[PDB]
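The chain below stands alone, shown as structure tokens; this is the form deposited in one PDB entry.
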């Protein structure tokens, strides 16, 4: 049981997805801060869920909230810029985490 989240899960970690912001600041401003961010994302197994959308939308929403909640125990803060950059990163990582489970589920499916 994941604390009290209502039945989410957490895998392993991955490398920074290196997001193409390329805007004004979010270009370098990501690069110089991307170290102060999560390596992974809280998700669900496809076992009873089996969708893309929820594993991106709700996965970011949970993961980002669990980078504010857990971290407020340490007294931390994030500004809006940081949240959005994080959300975008977690977007790609959450797409990855769907695919992690999906590959194991697909095999127990066909080919």
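Residue numbers count along the first chain shown, from 1.
Below, we refer to the form solved in complex with a partner chain, which is not included among the displayed structures.
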Item to complete: Using a 4.5 Å heavy atom cut-off, state whether residue 47 contacts its partner chain in the deposited complex.
Response: no
Worksheet item: Though only this chain appears here, would residue 27 touch its partner chain in the deposited complex if you measure heavy atom gaps against 4.5 Å?
Response: no
Practice prompt. Check whether residue 71 has any heavy atom within 4.5 Å of a heavy atom of its partner chain in the deposited complex, and answer yes or no.
Written response: yes
Worksheet item: Does at least one non-hydrogen atom of residue 33 fall within 4.5 angstroms of its partner chain in the deposited complex?
Response: yes
